[PDB]
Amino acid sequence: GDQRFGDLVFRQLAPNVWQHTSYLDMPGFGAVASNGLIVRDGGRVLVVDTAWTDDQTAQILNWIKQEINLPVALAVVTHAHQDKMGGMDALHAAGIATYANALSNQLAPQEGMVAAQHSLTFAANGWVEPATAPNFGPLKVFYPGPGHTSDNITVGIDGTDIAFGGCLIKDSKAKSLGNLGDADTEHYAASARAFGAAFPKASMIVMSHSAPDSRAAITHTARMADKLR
């Protein structure tokens, strides 16, 4: 099922959806996997999240060329940390239109990231303002509230059973909530639950650091976050 392509791993999740995985050393603590998504929408490809680095992200584009062979119309990135935005320059070099939460773009320079070209803004109920996400096809972008970071956003794939929680959601057996350095611990539980409520049909939950899981990833993440309050 997993396809090794250089130093990256690709896994098909649905007829038009693949998960990309890349790795970065955290010195003294080992190699950390990060996952994003690749979606074919008719004659074009849409990407969710970069890899950790420009070189890895260019390799994602190379895999897309060889295994899908359609233009990448856009990429959306889900917060201003390296695992999700570290390859922005590679997307720009490839001519790909890039989108992030306005707050992610504001935070990008101080986080050592390059901002996306375009900023998403969100209604008070969390749904993206549609004019800021033109041509997103089946991608439905939702801001669930502050959690893993204040800017974290999430993405559902219409026409599939898949929703992507990024670094907000951990798997159903996870022992911790991971890196809380930029987290909002008071609001985390509610934000995890809001993600679940936004995508009630999503039975396959994709996330940044574990294989896809059932919706027990959402309940378990929220229950762990209850303890932070």
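Here, rigid core means the biggest group of C-alpha atoms that superpose within 1.5 Å across both forms. Residue indices: 1-based, along the sequence shown.
Core superposition of the other structures onto this form places the C-alphas of 172-180 farther off in 6 other deposited structures of this protein than those of the other stretch among 172-180 and 57-65. In terms of root mean square C-alpha deviation after superposing on the rigid core in 6 other deposited structures of this protein, the stretch standing farther out between 45-53 and 22-30 is 22-30. Averaged over Cα atoms, the B-factor as recorded in the entry is higher for 176-184 than for the other of 176-184 and 189-197. Comparing 165-173 with 23-31, the stretch with the higher mean C-alpha B-factor in the PDB entry is 23-31. Take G95, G86, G159, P134 and read off each C-alpha B-factor from the entry; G159 has the highest.
Looking only at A124, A73, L91, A115, the residue with the top Cα B factor in the deposited structure is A124.
Per-chain ranking of the deposited C-alpha B factor places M204 in the highest third. When all modelled residues of the chain are sorted by CA temperature factor, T57 is found within the lowest third. In the deposited entry, the Cα temperature factor of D41 places it in the middle third of its chain's modelled residues.
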